[PDB]
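Source file: entry17.cif (mmCIF, C-alpha atoms and all ligand atoms)
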data_query
loop_
_atom_site.label_atom_id
_atom_site.label_comp_id
_atom_site.auth_asym_id
_atom_site.auth_seq_id
_atom_site.Cartn_x
_atom_site.Cartn_y
_atom_site.Cartn_z
CA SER Y 1 -10.92 15.56 6.76
CA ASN Y 2 -9.44 12.23 5.83
CA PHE Y 3 -7.06 12.21 8.81
CA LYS Y 4 -7.41 12.81 12.59
CA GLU Y 5 -4.07 14.63 12.93
CA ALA Y 6 -1.28 15.79 10.67
CA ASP Y 7 0.90 13.01 12.09
CA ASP Y 8 -1.47 10.33 10.76
CA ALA Y 9 -1.32 11.79 7.24
CA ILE Y 10 2.49 11.93 7.36
CA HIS Y 11 2.73 8.29 8.50
CA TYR Y 12 0.19 7.26 5.85
CA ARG Y 13 2.06 8.90 2.96
CA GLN Y 14 5.44 7.76 4.33
CA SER Y 15 4.21 4.15 4.59
CA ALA Y 16 2.87 4.30 1.05
CA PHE Y 17 6.18 5.52 -0.39
CA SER Y 18 8.14 2.93 1.60
CA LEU Y 19 6.00 0.07 0.32
CA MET Y 20 6.21 1.42 -3.23
CA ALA Y 21 10.00 1.61 -2.89
CA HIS Y 22 10.20 -1.99 -1.73
CA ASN Y 23 8.29 -3.19 -4.78
CA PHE Y 24 9.95 -0.78 -7.21
CA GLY Y 25 13.47 -1.69 -5.99
CA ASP Y 26 12.88 -5.39 -6.61
CA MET Y 27 12.05 -4.65 -10.26
CA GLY Y 28 15.22 -2.56 -10.43
CA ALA Y 29 17.27 -5.41 -8.97
CA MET Y 30 15.85 -7.93 -11.46
CA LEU Y 31 16.47 -5.58 -14.41
CA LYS Y 32 20.07 -5.00 -13.37
CA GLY Y 33 20.89 -8.62 -12.73
CA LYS Y 34 21.37 -8.11 -8.99
CA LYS Y 35 18.77 -10.87 -8.69
CA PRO Y 36 17.35 -13.27 -11.28
CA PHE Y 37 14.68 -11.81 -13.52
CA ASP Y 38 11.27 -13.46 -13.14
CA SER Y 39 8.41 -12.42 -15.39
CA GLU Y 40 5.66 -13.36 -12.90
CA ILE Y 41 7.20 -11.75 -9.83
CA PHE Y 42 8.10 -8.66 -11.88
CA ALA Y 43 4.48 -8.43 -13.01
CA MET Y 44 3.27 -8.72 -9.39
CA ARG Y 45 5.72 -5.98 -8.39
CA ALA Y 46 4.50 -3.73 -11.24
CA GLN Y 47 0.89 -4.24 -10.15
CA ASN Y 48 1.81 -3.33 -6.57
CA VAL Y 49 3.61 -0.17 -7.73
CA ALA Y 50 0.70 0.98 -9.93
CA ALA Y 51 -1.74 0.55 -7.03
CA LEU Y 52 0.53 2.06 -4.36
CA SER Y 53 1.22 5.10 -6.56
CA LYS Y 54 -2.46 6.08 -6.05
CA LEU Y 55 -2.21 6.29 -2.23
CA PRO Y 56 0.30 8.93 -1.04
CA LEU Y 57 -1.29 12.10 -2.48
CA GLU Y 58 -4.22 11.85 -0.08
CA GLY Y 59 -1.69 12.28 2.78
CA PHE Y 60 -0.46 15.74 1.67
CA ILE Y 61 -3.09 17.65 3.63
CA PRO Y 62 -2.73 21.34 4.62
CA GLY Y 63 -0.49 22.01 7.60
CA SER Y 64 1.30 18.64 7.46
CA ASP Y 65 4.68 20.20 6.60
CA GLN Y 66 5.26 20.61 10.34
CA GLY Y 67 6.56 17.66 12.31
CA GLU Y 68 8.81 14.69 11.52
CA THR Y 69 8.49 14.91 7.75
CA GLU Y 70 10.76 15.28 4.74
CA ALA Y 71 8.07 17.08 2.75
CA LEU Y 72 9.08 20.61 1.77
CA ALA Y 73 6.64 23.46 2.37
CA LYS Y 74 6.78 24.52 -1.29
CA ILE Y 75 4.67 21.41 -2.04
CA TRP Y 76 1.57 23.28 -0.91
CA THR Y 77 2.35 26.67 -2.48
CA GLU Y 78 2.97 24.82 -5.77
CA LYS Y 79 0.45 22.04 -5.25
CA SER Y 80 -0.76 22.11 -8.84
CA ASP Y 81 2.68 21.07 -10.11
CA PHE Y 82 3.17 18.61 -7.25
CA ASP Y 83 -0.20 17.08 -8.10
CA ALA Y 84 0.76 16.91 -11.79
CA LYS Y 85 3.99 15.10 -10.96
CA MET Y 86 2.00 12.59 -8.87
CA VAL Y 87 -0.49 11.97 -11.69
CA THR Y 88 2.40 11.43 -14.15
CA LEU Y 89 3.91 8.91 -11.72
CA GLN Y 90 0.59 7.06 -11.74
CA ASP Y 91 0.46 7.12 -15.49
CA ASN Y 92 4.03 5.91 -15.82
CA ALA Y 93 3.39 3.16 -13.29
CA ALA Y 94 0.25 2.05 -15.18
CA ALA Y 95 2.45 1.90 -18.31
CA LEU Y 96 5.00 -0.22 -16.46
CA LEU Y 97 2.16 -2.54 -15.45
CA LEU Y 98 1.22 -2.77 -19.13
CA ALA Y 99 4.82 -3.43 -20.17
CA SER Y 100 4.85 -6.35 -17.72
CA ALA Y 101 2.16 -7.94 -19.93
CA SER Y 102 4.62 -7.96 -22.84
CA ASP Y 103 7.77 -10.00 -23.34
CA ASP Y 104 9.84 -7.07 -24.67
CA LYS Y 105 12.63 -6.36 -22.18
CA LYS Y 106 13.40 -3.09 -23.99
CA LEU Y 107 9.88 -1.99 -23.13
CA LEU Y 108 10.20 -3.08 -19.49
CA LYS Y 109 13.46 -1.22 -19.02
CA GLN Y 110 12.19 1.87 -20.82
CA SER Y 111 8.95 2.20 -18.85
CA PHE Y 112 10.88 1.37 -15.66
CA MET Y 113 13.27 4.23 -16.37
CA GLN Y 114 10.34 6.58 -16.93
CA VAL Y 115 8.93 5.62 -13.57
CA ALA Y 116 12.33 6.03 -11.92
CA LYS Y 117 12.55 9.49 -13.43
CA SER Y 118 9.30 10.33 -11.72
CA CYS Y 119 10.55 9.31 -8.24
CA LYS Y 120 13.76 11.13 -8.75
CA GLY Y 121 12.30 14.22 -10.30
CA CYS Y 122 9.77 14.81 -7.55
CA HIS Y 123 12.26 14.17 -4.74
CA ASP Y 124 14.68 16.67 -6.27
CA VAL Y 125 12.12 19.49 -6.04
CA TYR Y 126 9.80 18.59 -3.15
CA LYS Y 127 11.71 16.41 -0.66
CA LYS Y 128 14.19 17.74 1.90
CA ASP Y 129 17.89 17.24 1.11
CA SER C 1 15.55 -12.93 0.80
CA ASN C 2 13.24 -10.04 0.02
CA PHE C 3 14.30 -8.14 3.15
CA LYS C 4 17.75 -7.34 4.48
CA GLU C 5 16.61 -7.58 8.05
CA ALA C 6 13.69 -8.88 10.03
CA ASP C 7 12.80 -5.44 11.18
CA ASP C 8 12.38 -4.33 7.57
CA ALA C 9 9.93 -7.17 7.02
CA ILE C 10 7.99 -6.26 10.16
CA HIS C 11 7.82 -2.61 9.10
CA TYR C 12 6.68 -3.63 5.60
CA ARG C 13 3.76 -5.80 6.76
CA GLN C 14 2.81 -3.27 9.45
CA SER C 15 2.74 -0.44 6.89
CA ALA C 16 0.52 -2.48 4.55
CA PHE C 17 -1.96 -3.26 7.33
CA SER C 18 -1.83 0.37 8.42
CA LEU C 19 -2.72 1.69 4.96
CA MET C 20 -5.38 -0.99 4.64
CA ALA C 21 -7.00 0.12 7.90
CA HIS C 22 -7.17 3.73 6.77
CA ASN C 23 -8.90 2.71 3.55
CA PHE C 24 -11.17 0.10 5.15
CA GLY C 25 -12.21 2.51 7.92
CA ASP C 26 -13.21 5.23 5.46
CA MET C 27 -15.62 2.75 3.86
CA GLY C 28 -16.96 1.86 7.32
CA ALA C 29 -17.54 5.53 8.09
CA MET C 30 -19.45 5.96 4.84
CA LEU C 31 -21.57 2.84 5.43
CA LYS C 32 -22.37 3.99 8.99
CA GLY C 33 -23.19 7.60 8.18
CA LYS C 34 -20.28 9.02 10.19
CA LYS C 35 -19.36 10.88 6.98
CA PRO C 36 -21.06 11.51 3.62
CA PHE C 37 -21.23 8.49 1.37
CA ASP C 38 -19.48 8.99 -1.97
CA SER C 39 -19.77 6.19 -4.54
CA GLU C 40 -16.61 7.26 -6.39
CA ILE C 41 -14.47 7.46 -3.24
CA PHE C 42 -16.00 4.24 -1.94
CA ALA C 43 -14.95 2.38 -5.03
CA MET C 44 -11.45 3.75 -4.80
CA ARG C 45 -11.28 2.58 -1.19
CA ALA C 46 -12.42 -0.89 -2.19
CA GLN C 47 -9.84 -1.00 -4.94
CA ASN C 48 -7.16 0.16 -2.49
CA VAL C 49 -8.13 -2.48 0.05
CA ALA C 50 -7.98 -5.33 -2.49
CA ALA C 51 -4.58 -4.19 -3.76
CA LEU C 52 -3.16 -3.69 -0.27
CA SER C 53 -4.47 -7.09 0.91
CA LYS C 54 -2.01 -8.73 -1.49
CA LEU C 55 1.06 -7.18 0.20
CA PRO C 56 1.55 -8.10 3.90
CA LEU C 57 2.07 -11.86 3.56
CA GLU C 58 5.52 -11.28 2.04
CA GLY C 59 6.61 -9.64 5.32
CA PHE C 60 6.00 -12.81 7.38
CA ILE C 61 9.48 -14.25 6.88
CA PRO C 62 10.81 -16.93 9.27
CA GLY C 63 12.37 -15.57 12.45
CA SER C 64 10.46 -12.26 12.30
CA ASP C 65 8.31 -13.17 15.33
CA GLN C 66 11.06 -11.54 17.39
CA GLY C 67 11.37 -7.81 17.14
CA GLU C 68 9.04 -4.82 17.18
CA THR C 69 5.96 -6.83 16.32
CA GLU C 70 2.51 -7.80 17.57
CA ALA C 71 2.50 -10.98 15.47
CA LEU C 72 2.28 -14.24 17.40
CA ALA C 73 5.00 -16.85 16.88
CA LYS C 74 2.10 -19.16 16.30
CA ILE C 75 1.80 -17.81 12.73
CA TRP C 76 4.81 -19.86 11.75
CA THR C 77 3.76 -23.08 13.36
CA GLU C 78 0.35 -22.82 11.63
CA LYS C 79 1.45 -21.07 8.51
CA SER C 80 -0.90 -22.74 6.12
CA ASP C 81 -3.94 -21.68 8.19
CA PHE C 82 -2.57 -18.17 8.34
CA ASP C 83 -1.97 -18.20 4.59
CA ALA C 84 -5.50 -19.48 3.94
CA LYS C 85 -6.86 -16.65 6.10
CA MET C 86 -4.90 -14.12 4.02
CA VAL C 87 -6.26 -15.56 0.78
CA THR C 88 -9.82 -15.42 2.12
CA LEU C 89 -9.26 -11.75 2.97
CA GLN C 90 -8.25 -11.24 -0.66
CA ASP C 91 -11.40 -13.11 -1.77
CA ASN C 92 -13.61 -10.96 0.38
CA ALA C 93 -11.83 -7.82 -0.71
CA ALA C 94 -12.41 -8.74 -4.36
CA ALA C 95 -16.11 -9.26 -3.61
CA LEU C 96 -16.28 -5.89 -1.85
CA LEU C 97 -14.67 -4.35 -4.93
CA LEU C 98 -17.34 -5.92 -7.15
CA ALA C 99 -20.14 -4.81 -4.84
CA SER C 100 -18.80 -1.25 -5.09
CA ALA C 101 -19.78 -1.35 -8.77
CA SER C 102 -23.47 -1.42 -7.64
CA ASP C 103 -25.62 0.89 -5.50
CA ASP C 104 -27.26 -1.83 -3.36
CA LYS C 105 -26.53 -0.56 0.15
CA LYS C 106 -27.44 -3.89 1.71
CA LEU C 107 -25.01 -5.79 -0.48
CA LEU C 108 -22.38 -3.12 0.20
CA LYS C 109 -22.80 -3.57 3.96
CA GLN C 110 -22.77 -7.38 3.73
CA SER C 111 -19.61 -7.35 1.67
CA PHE C 112 -18.03 -4.90 4.02
CA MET C 113 -19.01 -7.12 6.94
CA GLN C 114 -17.45 -10.16 5.32
CA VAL C 115 -14.12 -8.37 5.01
CA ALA C 116 -14.37 -7.16 8.59
CA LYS C 117 -14.72 -10.72 9.84
CA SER C 118 -11.51 -11.63 8.08
CA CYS C 119 -9.61 -8.82 9.71
CA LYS C 120 -10.97 -9.67 13.14
CA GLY C 121 -10.77 -13.39 12.69
CA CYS C 122 -7.09 -13.28 11.93
CA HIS C 123 -6.33 -10.72 14.65
CA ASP C 124 -8.17 -12.87 17.23
CA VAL C 125 -5.89 -15.86 16.55
CA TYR C 126 -2.58 -14.41 15.33
CA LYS C 127 -2.14 -10.90 16.77
CA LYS C 128 -1.18 -10.39 20.43
CA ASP C 129 -3.91 -9.27 22.83
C1 LIG W 201 6.07 13.66 -5.72
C2 LIG W 201 5.04 13.90 -6.86
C3 LIG W 201 6.68 12.24 -5.52
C4 LIG W 201 6.75 11.17 -6.35
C5 LIG W 201 6.37 11.06 -7.86
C6 LIG W 201 7.55 10.15 -5.69
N1 LIG W 201 7.83 10.58 -4.41
FE1 LIG W 201 8.90 9.59 -2.97
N2 LIG W 201 8.39 11.03 -1.48
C7 LIG W 201 7.85 12.25 -1.87
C8 LIG W 201 7.78 13.11 -0.71
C9 LIG W 201 7.24 14.55 -0.68
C10 LIG W 201 8.32 12.29 0.46
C11 LIG W 201 8.47 12.73 1.93
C12 LIG W 201 7.25 12.21 2.69
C13 LIG W 201 7.26 12.60 4.15
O1 LIG W 201 6.17 12.92 4.67
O2 LIG W 201 8.33 12.60 4.80
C14 LIG W 201 8.68 11.01 -0.11
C15 LIG W 201 9.24 9.97 0.59
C16 LIG W 201 9.66 8.79 0.04
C17 LIG W 201 10.28 7.69 0.74
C18 LIG W 201 10.56 7.68 2.25
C19 LIG W 201 9.27 7.29 2.95
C20 LIG W 201 9.49 7.08 4.43
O3 LIG W 201 9.57 5.90 4.84
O4 LIG W 201 9.58 8.06 5.20
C21 LIG W 201 10.51 6.72 -0.14
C22 LIG W 201 11.18 5.35 0.13
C23 LIG W 201 10.07 7.18 -1.44
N3 LIG W 201 9.54 8.44 -1.28
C24 LIG W 201 10.15 6.47 -2.62
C25 LIG W 201 9.62 6.81 -3.83
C26 LIG W 201 9.64 5.96 -5.01
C27 LIG W 201 10.33 4.56 -5.03
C28 LIG W 201 9.02 6.63 -6.01
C29 LIG W 201 8.78 6.19 -7.48
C30 LIG W 201 8.09 4.80 -7.57
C31 LIG W 201 8.57 7.92 -5.49
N4 LIG W 201 8.95 7.99 -4.16
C32 LIG W 201 7.89 8.92 -6.18
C33 LIG W 201 7.43 12.63 -3.14
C34 LIG W 201 7.34 11.86 -4.28
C1 LIG W 202 -4.10 -12.59 9.01
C2 LIG W 202 -4.24 -13.46 7.74
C3 LIG W 202 -4.57 -11.09 8.97
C4 LIG W 202 -5.55 -10.51 8.27
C5 LIG W 202 -6.62 -11.18 7.37
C6 LIG W 202 -5.65 -9.12 8.70
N1 LIG W 202 -4.63 -8.87 9.59
FE1 LIG W 202 -4.27 -7.13 10.50
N2 LIG W 202 -2.46 -7.85 11.26
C7 LIG W 202 -2.15 -9.21 11.23
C8 LIG W 202 -0.94 -9.43 11.98
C9 LIG W 202 -0.23 -10.78 12.22
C10 LIG W 202 -0.53 -8.04 12.49
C11 LIG W 202 0.70 -7.68 13.32
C12 LIG W 202 1.86 -7.50 12.36
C13 LIG W 202 3.11 -7.14 13.15
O1 LIG W 202 4.24 -7.52 12.71
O2 LIG W 202 2.98 -6.45 14.21
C14 LIG W 202 -1.53 -7.13 11.99
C15 LIG W 202 -1.56 -5.77 12.20
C16 LIG W 202 -2.55 -4.90 11.83
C17 LIG W 202 -2.61 -3.51 12.21
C18 LIG W 202 -1.54 -2.81 13.08
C19 LIG W 202 -0.47 -2.40 12.06
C20 LIG W 202 0.64 -1.58 12.68
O3 LIG W 202 0.62 -0.34 12.46
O4 LIG W 202 1.53 -2.16 13.37
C21 LIG W 202 -3.68 -2.96 11.66
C22 LIG W 202 -4.10 -1.48 11.82
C23 LIG W 202 -4.38 -3.99 10.91
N3 LIG W 202 -3.65 -5.17 11.04
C24 LIG W 202 -5.55 -3.83 10.17
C25 LIG W 202 -6.18 -4.81 9.43
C26 LIG W 202 -7.38 -4.69 8.61
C27 LIG W 202 -8.22 -3.39 8.45
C28 LIG W 202 -7.66 -5.90 8.09
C29 LIG W 202 -8.85 -6.29 7.18
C30 LIG W 202 -8.96 -5.45 5.88
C31 LIG W 202 -6.64 -6.83 8.54
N4 LIG W 202 -5.77 -6.13 9.35
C32 LIG W 202 -6.55 -8.18 8.23
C33 LIG W 202 -2.87 -10.20 10.60
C34 LIG W 202 -3.96 -10.05 9.79
#
In structure tokens, what does this structure look like?
Ligand code: HEC
Ligand code: HEC
Amino acid sequence: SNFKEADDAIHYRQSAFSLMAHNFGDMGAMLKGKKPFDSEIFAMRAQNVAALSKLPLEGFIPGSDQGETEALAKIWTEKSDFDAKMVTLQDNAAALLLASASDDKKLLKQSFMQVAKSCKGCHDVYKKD
Amino acid sequence: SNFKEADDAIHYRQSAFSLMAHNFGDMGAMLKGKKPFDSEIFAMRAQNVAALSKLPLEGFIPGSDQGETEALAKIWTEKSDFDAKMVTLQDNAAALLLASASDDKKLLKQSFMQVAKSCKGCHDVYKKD
């Protein structure tokens, strides 16, 4: 068992998502002009998102749908699809990290959008309203 | 500013340390025989620790020594020493990541020990008792 209690796995996955969101949202703000675009900071943010996208899945242990969590129970009865959506987030995030090595803003925006689709798509199905 | 409020910066750096501890402790348990050693998991842990070690510094914004934190105000009056300690944690994490590419248990333990000193060394000076 990777966690002592269900409440440690919830906090772990919640912390992971939160930190990913902080780094993802900064890339969104730079791409929308809410804050100046910076190639080096954007690349750091993309690296952080790629790495942090590999953390939360470990936290979705059996029985951790009870408690102070927004995870829906259907996650575990459809864990194969949930797992697939998490792998595709990782893949998309690795692609955004690659796009940050290029100077093509089309590419950055496109791979960013694909990653944003992954956050959104999973929340729509597997996160409480 | 990267954070709207000081409390968001505290929560960010605390989450990063929290995820780091979970990953660092799993490596400790494997190196101490508290749980089966797994080279593939161990390497993932080492990768996770190195990536996570690059995150918390951003959360140490000025004025965030007040709030729901265990950080000492001293961090800000000795910020370059604190920063140097964070970089050395990154250095040691990178060496632990490299060591994880080998099967030399002694080198694994030494590398793990070197990271452990960094955690403890900084806590001893800059985290409340
Ligand atoms: C399923 C395959 C997901 C992917 C892809 C993404 N997220 Fe998500 N997120 C998911 C769940 C099931 C939960 C609830 C966790 C819980 O135990 O309550 C979340 C939660 C978040 C949160 C809130 C975390 C918190 O502080 O409580 C955030 C900010 C968040 N998720 C962001 C986020 C982003 C930015 C993503 C794309 C980079 C993303 N998630 C993908 C499920 C899934
Ligand atoms: C200084 C350069 C540090 C290094 C190196 C490490 N840690 Fe630390 N940690 C530091 C501070 C100043 C704080 C308090 C932050 C706050 O605002 O309260 C912490 C906190 C932690 C915690 C508690 C996190 C929480 O849930 O509130 C943990 C579990 C932790 N740190 C673990 C940890 C590990 C495993 C480290 C080595 C890999 C490590 N820290 C290094 C300062 C510094």
Check: When the cut-off is 7 Å and you count all atoms listed in the file, which residues lie near ligand LIG 202 (chain W), shown as number ranges by chain?
Finding: C: 10, 13-15, 17-18, 20-21, 24, 49, 53, 68-72, 82-83, 85-86, 89, 115-116, 118-120, 122-123, 126-127
For a quick test of understanding: name the residues of chain Y lying within 12 Å of chain C when counting all atoms listed in the file, and present them as a PDB file with C-alpha atoms, in the coordinates of the input.
ATOM      1  CA  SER Y   1     -10.920  15.560   6.760  1.00  0.00           C
ATOM      2  CA  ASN Y   2      -9.440  12.230   5.830  1.00  0.00           C
ATOM      3  CA  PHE Y   3      -7.060  12.210   8.810  1.00  0.00           C
ATOM      4  CA  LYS Y   4      -7.410  12.810  12.590  1.00  0.00           C
ATOM      5  CA  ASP Y   8      -1.470  10.330  10.760  1.00  0.00           C
ATOM      6  CA  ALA Y   9      -1.320  11.790   7.240  1.00  0.00           C
ATOM      7  CA  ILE Y  10       2.490  11.930   7.360  1.00  0.00           C
ATOM      8  CA  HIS Y  11       2.730   8.290   8.500  1.00  0.00           C
ATOM      9  CA  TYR Y  12       0.190   7.260   5.850  1.00  0.00           C
ATOM     10  CA  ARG Y  13       2.060   8.900   2.960  1.00  0.00           C
ATOM     11  CA  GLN Y  14       5.440   7.760   4.330  1.00  0.00           C
ATOM     12  CA  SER Y  15       4.210   4.150   4.590  1.00  0.00           C
ATOM     13  CA  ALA Y  16       2.870   4.300   1.050  1.00  0.00           C
ATOM     14  CA  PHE Y  17       6.180   5.520  -0.390  1.00  0.00           C
ATOM     15  CA  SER Y  18       8.140   2.930   1.600  1.00  0.00           C
ATOM     16  CA  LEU Y  19       6.000   0.070   0.320  1.00  0.00           C
ATOM     17  CA  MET Y  20       6.210   1.420  -3.230  1.00  0.00           C
ATOM     18  CA  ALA Y  21      10.000   1.610  -2.890  1.00  0.00           C
ATOM     19  CA  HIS Y  22      10.200  -1.990  -1.730  1.00  0.00           C
ATOM     20  CA  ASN Y  23       8.290  -3.190  -4.780  1.00  0.00           C
ATOM     21  CA  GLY Y  25      13.470  -1.690  -5.990  1.00  0.00           C
ATOM     22  CA  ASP Y  26      12.880  -5.390  -6.610  1.00  0.00           C
ATOM     23  CA  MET Y  27      12.050  -4.650 -10.260  1.00  0.00           C
ATOM     24  CA  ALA Y  29      17.270  -5.410  -8.970  1.00  0.00           C
ATOM     25  CA  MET Y  30      15.850  -7.930 -11.460  1.00  0.00           C
ATOM     26  CA  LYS Y  35      18.770 -10.870  -8.690  1.00  0.00           C
ATOM     27  CA  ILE Y  41       7.200 -11.750  -9.830  1.00  0.00           C
ATOM     28  CA  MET Y  44       3.270  -8.720  -9.390  1.00  0.00           C
ATOM     29  CA  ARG Y  45       5.720  -5.980  -8.390  1.00  0.00           C
ATOM     30  CA  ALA Y  46       4.500  -3.730 -11.240  1.00  0.00           C
ATOM     31  CA  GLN Y  47       0.890  -4.240 -10.150  1.00  0.00           C
ATOM     32  CA  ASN Y  48       1.810  -3.330  -6.570  1.00  0.00           C
ATOM     33  CA  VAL Y  49       3.610  -0.170  -7.730  1.00  0.00           C
ATOM     34  CA  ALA Y  50       0.700   0.980  -9.930  1.00  0.00           C
ATOM     35  CA  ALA Y  51      -1.740   0.550  -7.030  1.00  0.00           C
ATOM     36  CA  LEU Y  52       0.530   2.060  -4.360  1.00  0.00           C
ATOM     37  CA  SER Y  53       1.220   5.100  -6.560  1.00  0.00           C
ATOM     38  CA  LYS Y  54      -2.460   6.080  -6.050  1.00  0.00           C
ATOM     39  CA  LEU Y  55      -2.210   6.290  -2.230  1.00  0.00           C
ATOM     40  CA  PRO Y  56       0.300   8.930  -1.040  1.00  0.00           C
ATOM     41  CA  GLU Y  58      -4.220  11.850  -0.080  1.00  0.00           C
ATOM     42  CA  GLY Y  59      -1.690  12.280   2.780  1.00  0.00           C
TER      43      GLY Y  59
END
Check: When you draw a straight line from atom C6 of ligand LIG 201 (chain W) to CA of residue 114 in chain Y, how long is it in Å?
Finding: 12.1 Å
Around range 90-96 of chain C, fit a box with edges along x, y and z, padding it by 4 Å on each side, then list its centre and edge lengths in Å to one decimal as lines of an AutoDock Vina configuration file.
center_x = -12.3
center_y = -9.5
center_z = -2.0
size_x = 16.0
size_y = 15.2
size_z = 12.7
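Distance annotation: of Y:88, Y:77, Y:66, Y:94, the residue with the minimal separation from residue 117 in chain Y is Y:88; atom set is all atoms listed in the file.
Rounded to one decimal, atom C27 of ligand LIG 201 (chain W) and CA of residue 7 in chain Y lie 21.3 Å from each other.
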Item checked: Atomic separation - CA of residue 39 in chain C relative to atom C32 of ligand LIG 201 (chain W), Å -> 27.8 Å
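Among the candidates Y:5, Y:90, Y:63, Y:98, the residue lying nearest to ligand LIG 201 (chain W) is Y:90 (atoms considered: all atoms listed in the file).
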Item checked: Surrounding residues of residue 101 in chain C excluding itself and chain neighbours under 4 positions, 10 Å, all atoms listed in the file, as a list in words -> residues 39, 40, 42, 43, 46, 96, 97 and 108 of chain C
